[PDB]
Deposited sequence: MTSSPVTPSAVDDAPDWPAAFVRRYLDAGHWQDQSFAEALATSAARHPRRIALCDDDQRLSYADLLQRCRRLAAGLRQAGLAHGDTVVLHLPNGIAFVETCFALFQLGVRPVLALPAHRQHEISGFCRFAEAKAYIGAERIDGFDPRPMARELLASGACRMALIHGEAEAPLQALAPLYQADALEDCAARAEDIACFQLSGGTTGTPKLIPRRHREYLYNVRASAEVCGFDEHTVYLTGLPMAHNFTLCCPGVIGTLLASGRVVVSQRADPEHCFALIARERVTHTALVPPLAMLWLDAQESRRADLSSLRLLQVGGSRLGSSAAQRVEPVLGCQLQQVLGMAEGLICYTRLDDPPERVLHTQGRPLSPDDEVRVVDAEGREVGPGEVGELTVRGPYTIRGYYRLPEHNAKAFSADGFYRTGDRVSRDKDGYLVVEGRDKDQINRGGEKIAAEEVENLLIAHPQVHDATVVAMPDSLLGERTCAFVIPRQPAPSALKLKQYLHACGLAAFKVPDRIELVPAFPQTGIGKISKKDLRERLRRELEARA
């Protein structure tokens, strides 16, 4: 667990970025401001700030009685829900660090997380993302992967029930210091990202300012709450610390979510592009009343200008583009930015002390507007992954810059434009091709729902291109789309060598497209 050198600590405290409260103290402060206001809602249950705080304290007492102590680690694998929030904040109070596993994670990942972190417990549910994790949890215990397995819901011994632990008398003490690790986030087997209370609260508080969160923010969880976008950018925690209300959802389909928005008067949410595409193309479901919606954050992957330009007309809300990473840096377009920035950039950095360097293969800083590897250090960017000295020696420069693996350029005013991952690059007979440019043209096509362009081996040109396209009916042929690209003025060498009409793309844990999976499919 590498830390910030002393010069940086001192400057981030002097700047006022790092304050002296833990997550638990911060929620308690917010609760005290508005104790009866509804803080969380699910399909039936609604908790006031004061009821949430008390339940968290009661769960904390129960977890302590069950053996969880300050400095312990747990693997937290729960669907979106009230239990996720309660359990997180109870662990924050106790100084117990949760590994924030995603709903899509399975035994390979879960086992690795328990083992690598030496978790005392796995905390899970009777069901998650269509998966029954209780067999796995039994094997975790049988193999020594963790000591204990708590299940919210029904489960057979040797698994233990989480609900009885809420019956304890409320623990009133906090064991967490602002400089301690609060939780382990996960890289997008995922690496463990040690996030500390004071820096990750800076992340939350400043994001909430930039995104205009306030007492009236009604935040819908469009993504897994474990994920950093959903949790802190500004996320669920930004909503709670602004004294807003969080509306939980275990699904992001526009059918369900549009009705929730109407029911709860949702004002804010966050999505990855593929989900935003579904919301933009939702047909009869758009009969819903979405008048309450004020801000749609889109991030995780680039939202091209063809799609971005449809957000305000179709949904009636402002768009914000978010370039983010669990390791640190967040860039945001700002709520008062002109369209040219919101449609065509992925934001500018959150903190004045975020230090960004775009560098070529040699480590040279590129010229302005030129494309290079994004690297960065700053007041909420880690200095290394948890207990990973050998990987850390490659992933961080000697002066402490995190090497993101993304290819970006910068515009005149500091805004980042993401070309994609280093591994997404296409070189077609020595001509370079920016997938995003071709993807954005195809996505503008009226019978194209989404598109993704990747590299395939070729003996003569080294690489050719293949575009995967989800049609909307009536679906165009590959030949019609090649002609449509031509009529748009796309350079000939950039027209995909191959276009695959398909109903869906493989997806990552939170819904991003897996170009790795596509590129392994081709070869």
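By the record, the deposited chain contains unmodelled runs at 1-13, 202-205, 541-547, with no C-alpha atoms placed there.
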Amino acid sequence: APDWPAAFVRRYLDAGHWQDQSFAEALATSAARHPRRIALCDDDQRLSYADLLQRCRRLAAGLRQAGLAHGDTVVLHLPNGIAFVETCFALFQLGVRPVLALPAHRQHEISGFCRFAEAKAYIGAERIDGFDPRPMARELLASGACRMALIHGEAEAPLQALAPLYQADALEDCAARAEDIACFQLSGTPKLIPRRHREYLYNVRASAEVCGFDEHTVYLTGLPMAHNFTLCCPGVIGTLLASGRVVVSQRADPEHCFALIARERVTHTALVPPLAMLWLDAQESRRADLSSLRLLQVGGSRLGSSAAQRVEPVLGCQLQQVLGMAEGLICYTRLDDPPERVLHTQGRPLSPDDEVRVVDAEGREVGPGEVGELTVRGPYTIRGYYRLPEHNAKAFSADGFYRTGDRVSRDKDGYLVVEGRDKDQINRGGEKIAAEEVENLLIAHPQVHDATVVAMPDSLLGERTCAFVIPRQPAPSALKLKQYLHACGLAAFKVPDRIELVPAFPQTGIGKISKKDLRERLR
From here on, numbers count along this sequence of modelled residues.
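With 467-475 and 32-40 compared on mean CA B-factor from the PDB entry, the stretch scoring higher is 467-475.
Mean CA B-factor, 233-241 versus 206-214: the higher value falls on 206-214. Of the candidates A504, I510, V9, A24, the one whose C-alpha carries the top B factor in the deposited record is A504. By the numbers in the PDB entry, the CA B factor is greatest at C174 among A307, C174, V322, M325. When the modelled residues of the chain are ordered by their C-alpha B factor, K516 lands in the highest third.
Ranked within its chain, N427 lands in the highest third, by CA B factor from the PDB record. In this PDB entry, the Cα temperature factor of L47 sits in the bottom third of its chain's modelled residues, the lowest group.
The entry lists a Cα temperature factor for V454 that places it in the middle third of the chain's modelled residues. Placement of the Cα temperature factor of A145 within the chain: highest third of the modelled residues, per the deposited record.
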